[PDB]
Structures are given as C-alpha cells and as structure tokens.
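Novice: Next up is a structure, given as structure tokens.
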Amino acid sequence: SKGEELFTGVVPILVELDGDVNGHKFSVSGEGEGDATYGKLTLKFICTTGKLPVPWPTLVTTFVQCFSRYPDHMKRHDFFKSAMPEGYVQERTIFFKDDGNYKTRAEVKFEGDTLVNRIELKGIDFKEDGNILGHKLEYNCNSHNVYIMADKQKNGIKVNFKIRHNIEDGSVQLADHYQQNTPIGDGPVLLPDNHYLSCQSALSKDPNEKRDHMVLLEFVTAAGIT
C-alpha cells in the first residue's frame with residue numbers, strides 16, 4: 001500500500017500541542033521515533049510553557065496510531081497508514097467521569113520524512129479540586145484496548161475505548177474516549193472491519209531533565225481478526 005511502505009523503517013515523530021483546560025493555557029512539544037514493524041513508539045514530551053496544568057497521563061492518548069503493528073493478515077484494515085502521507089484528522093471528546101472533558105482536534109501527517117501530530121486541546125468543566133486539576137493521578141498508564149469501526153459516512157473510522165487512570169488513593173479515574181478520524185487527502189483509504197488495538201504505555205522521567213516532561217515507551221498491536 002501507499003502509506004504502508006512509509007512505515008517499514010524507523011520514522012521520526014514530532015508532536016505539538018496547544019491546550020486550554022479551564023483557562024489554564026499550555027503547550028507541549030514532543031520528539032521521538034516510531035517503528036510500526038514492532039508497533040513501537042518512543043517519545044519525550046516537554047511542557048514548553050512551564051508547569052503542565054493537568055496530569056501527564058491524561059494527555060498520553062492525545063499525543064499516531066499509524067505506528068500500530070498491524071499483523072500481515074490484517075493489513076487491509078489499517079486505516080491510519082492508508083491515509084498517509086497526506087494524513088488524517090483525529091478528533092476526540094474525552095469524558096473524565098465525575099469531572100470535566102477534553103475535546104481535541106489533531107492533524108497527523110508527514111512533513112518530509114517526519115510524522116507530525118499537531119493538536120489543539122480544549123478542556124472544560126473540570127473541578128478545581130478534582131483528580132485532574134488537583135493532580136491526584138499516578139504517573140503511569142494501564143493497558144487498554146482501542147475499538148475501531150469503519151465510518152463509511154465520512155470515509156473514516158469511529159473509535160471508542162475507556163481509559164482508567166490510577167488515582168493516588170488507589171481508586172481509578174475513568175476517561176471515556178470517543179474518537180473519529182477522517183482523511184485529509186482525497187486518496188482512497190482502507191475502511192476496516194471491526195477490530196481493536198491492544199495498547200501498553202510505560203511512563204518515565206529523564207533524570208537530567210529539569211523542565212516538566214514525560215518520557216513514553218509504547219507498544220500497540222492490532223488484533224480481533226483471524
């Protein structure tokens with residue numbers, strides 16, 4: 001496939017986000033590389049505006065599913081790579097149970113040999129003392145499945161999943177994700193049969209980094225079809 005060939009090797013990744021959560025404005029710049037052959041992503045994010053006003057884990061899902069490893073027999077269901085290099089628009093509403101919500105719009109595409117994820121994020125209705133603005137979430141990520149369905153209406157896909165963020169008191173903060181992706185270009189894309197992506201994310205810190213940041217190692221494999 002067209003885009004498929006663009007991911008056979010290691011690809012540099014750039015992530016740029018501008019956010020506003022309850023009036024707290026911030027920006028994050030991320031850099032790294034992905035190797036879809038192994039569904040592997042390695043990235044480092046820096047809050048360039050100072051301190052991040054929300055917990056880093058809450059932004060992980062927002063910060064390029066085109067790096068998911070699609071088994072050879074499922075290659076025809078890989079919408080993400082099929083939309084490349086022109087890219088796709090990814091939109092989400094993330095509902096934090098008993099708290100606010102993030103609405104995001106991103107464009108994922110190639111700029112030269114670099115895969116770029118440019119995001120605008122808007123958060124509202126958060127509680128000042130809640131788990132998000134109150135920073136009560138653990139610095140880690142649980143593993144989750146991402147459910148994908150074709151969205152013929154918009155020549156794209158509809159995606160849904162639940163993310164459970166660990167709260168420091170041992171509880172969990174649910175973040176219900178509703179997502180839509182549509183091609184930026186007019187080229188043909190692969191509309192998939194229902195399947196899911198099995199995801200795992202490991203968060204860490206760079207011991208030599210004094211700026212507010214997050215180091216992320218992620219592995220994603222598509223499954224659900226034999």
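Chain labels follow the order of the structure tokens: the first chain is A, the next B, and so on; residue numbering restarts at 1 in every chain, and ligands are counted from 1 in their shown order.
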For residue 12 in chain A, find every residue with an atom within 10 Å (counting only C-alpha atoms), except residues of its own chain fewer than 6 positions away, and show them as number ranges by chain.

Specialist: A: 31-35, 41-43, 110, 113-116

Novice: Could you save those same residues with N, CA, C and O atoms as an mmCIF file, in the first residue's frame?

Specialist:
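As written to disk, part_26.cif reads:
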```cif
data_model
loop_
_atom_site.group_PDB
_atom_site.id
_atom_site.type_symbol
_atom_site.label_atom_id
_atom_site.label_comp_id
_atom_site.auth_asym_id
_atom_site.auth_seq_id
_atom_site.Cartn_x
_atom_site.Cartn_y
_atom_site.Cartn_z
ATOM 1 N N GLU A 31 9.129 14.792 20.850
ATOM 2 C CA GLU A 31 10.025 14.297 19.813
ATOM 3 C C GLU A 31 10.345 12.840 20.062
ATOM 4 O O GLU A 31 10.511 12.421 21.204
ATOM 5 N N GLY A 32 10.499 12.086 18.985
ATOM 6 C CA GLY A 32 10.837 10.691 19.141
ATOM 7 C C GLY A 32 10.863 9.974 17.814
ATOM 8 O O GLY A 32 11.117 10.560 16.760
ATOM 9 N N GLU A 33 10.595 8.683 17.863
ATOM 10 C CA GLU A 33 10.593 7.887 16.651
ATOM 11 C C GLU A 33 9.653 6.719 16.850
ATOM 12 O O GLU A 33 9.393 6.292 17.977
ATOM 13 N N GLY A 34 9.157 6.203 15.738
ATOM 14 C CA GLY A 34 8.258 5.071 15.790
ATOM 15 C C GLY A 34 8.755 4.016 14.832
ATOM 16 O O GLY A 34 9.439 4.339 13.865
ATOM 17 N N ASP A 35 8.418 2.763 15.116
ATOM 18 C CA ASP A 35 8.808 1.637 14.273
ATOM 19 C C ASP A 35 7.594 0.717 14.259
ATOM 20 O O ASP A 35 7.472 -0.178 15.097
ATOM 21 N N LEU A 41 6.759 2.843 19.850
ATOM 22 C CA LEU A 41 6.879 4.294 19.891
ATOM 23 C C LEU A 41 7.746 4.693 21.076
ATOM 24 O O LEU A 41 7.598 4.143 22.157
ATOM 25 N N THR A 42 8.660 5.629 20.861
ATOM 26 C CA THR A 42 9.485 6.158 21.945
ATOM 27 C C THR A 42 9.473 7.669 21.769
ATOM 28 O O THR A 42 9.853 8.177 20.722
ATOM 29 N N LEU A 43 9.014 8.386 22.790
ATOM 30 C CA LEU A 43 8.932 9.831 22.708
ATOM 31 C C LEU A 43 9.178 10.532 24.021
ATOM 32 O O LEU A 43 8.964 9.972 25.100
ATOM 33 N N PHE A 110 2.675 13.551 7.280
ATOM 34 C CA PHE A 110 4.105 13.642 7.099
ATOM 35 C C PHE A 110 4.492 15.045 6.673
ATOM 36 O O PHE A 110 3.777 15.699 5.913
ATOM 37 N N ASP A 113 10.172 13.556 5.834
ATOM 38 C CA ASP A 113 10.205 12.169 6.322
ATOM 39 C C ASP A 113 9.737 12.054 7.768
ATOM 40 O O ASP A 113 9.826 10.985 8.363
ATOM 41 N N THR A 114 9.210 13.144 8.312
ATOM 42 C CA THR A 114 8.777 13.161 9.694
ATOM 43 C C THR A 114 7.280 13.083 9.886
ATOM 44 O O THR A 114 6.528 13.818 9.251
ATOM 45 N N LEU A 115 6.851 12.171 10.757
ATOM 46 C CA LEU A 115 5.429 12.011 11.058
ATOM 47 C C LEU A 115 5.108 13.036 12.149
ATOM 48 O O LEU A 115 5.695 13.017 13.237
ATOM 49 N N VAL A 116 4.188 13.943 11.837
ATOM 50 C CA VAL A 116 3.814 15.013 12.752
ATOM 51 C C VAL A 116 2.384 14.913 13.271
ATOM 52 O O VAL A 116 1.454 14.614 12.518
#
```

Novice: Quick one: everything within 9 Å of residue 108 in chain A, counting only C-alpha atoms, minus sequence neighbours fewer than 2 positions away in the same chain. Send it as a ChimeraX atom specification.

Specialist: /A:64,66,84,86-90,106,110,115-119,184

Novice: Using only C-alpha atoms, find the one residue out of A:57, A:143, A:37, A:46 that sits nearest to residue 71 in chain A.

Specialist: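 Residue with the minimum atom-to-atom distance to residue 71 in chain A: A:37.
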
Novice: Rank nothing, just name the residue among A:102, A:79, A:67, A:196 nearest to residue 40 in chain A, using only C-alpha atoms.

Specialist: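 Nearest to residue 40 in chain A: A:67.
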
Novice: DSSP on the backbone, then: every residue of range 32-82 of chain A marked strand (DSSP E), written as a PyMOL selection string.

Specialist: chain A and resi 32-35+40-47

Novice: Generate the output file for the selected residues, C-alpha atoms, as a PDB file, in the first residue's frame.

Specialist:
```
ATOM      1  CA  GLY A  32      10.837  10.691  19.141  1.00  0.00           C
ATOM      2  CA  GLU A  33      10.593   7.887  16.651  1.00  0.00           C
ATOM      3  CA  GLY A  34       8.258   5.071  15.790  1.00  0.00           C
ATOM      4  CA  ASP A  35       8.808   1.637  14.273  1.00  0.00           C
ATOM      5  CA  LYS A  40       6.816   0.630  18.913  1.00  0.00           C
ATOM      6  CA  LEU A  41       6.879   4.294  19.891  1.00  0.00           C
ATOM      7  CA  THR A  42       9.485   6.158  21.945  1.00  0.00           C
ATOM      8  CA  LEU A  43       8.932   9.831  22.708  1.00  0.00           C
ATOM      9  CA  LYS A  44       9.851  12.604  25.083  1.00  0.00           C
ATOM     10  CA  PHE A  45       7.450  15.467  25.750  1.00  0.00           C
ATOM     11  CA  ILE A  46       8.296  18.848  27.226  1.00  0.00           C
ATOM     12  CA  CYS A  47       5.805  21.394  28.560  1.00  0.00           C
TER      13      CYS A  47
END
```

Novice: For residue 95 in chain A, which residue out of A:82, A:166, A:173, A:204 is the nearest one, using only C-alpha atoms?

Specialist: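 Distance minimum relative to residue 95 in chain A lands on A:173.
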
Novice: Could you pull out the residues in range 54-219 of chain A that DSSP calls helix (DSSP H, G or I) from the backbone, as a list in words?

Specialist: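 Output for range 54-219 of chain A, helix (DSSP H, G or I) only: residues 56, 57, 58, 59, 65, 66, 67, 72, 73, 74, 75, 76, 77, 79, 80, 81, 82, 152, 153 and 154 of chain A.
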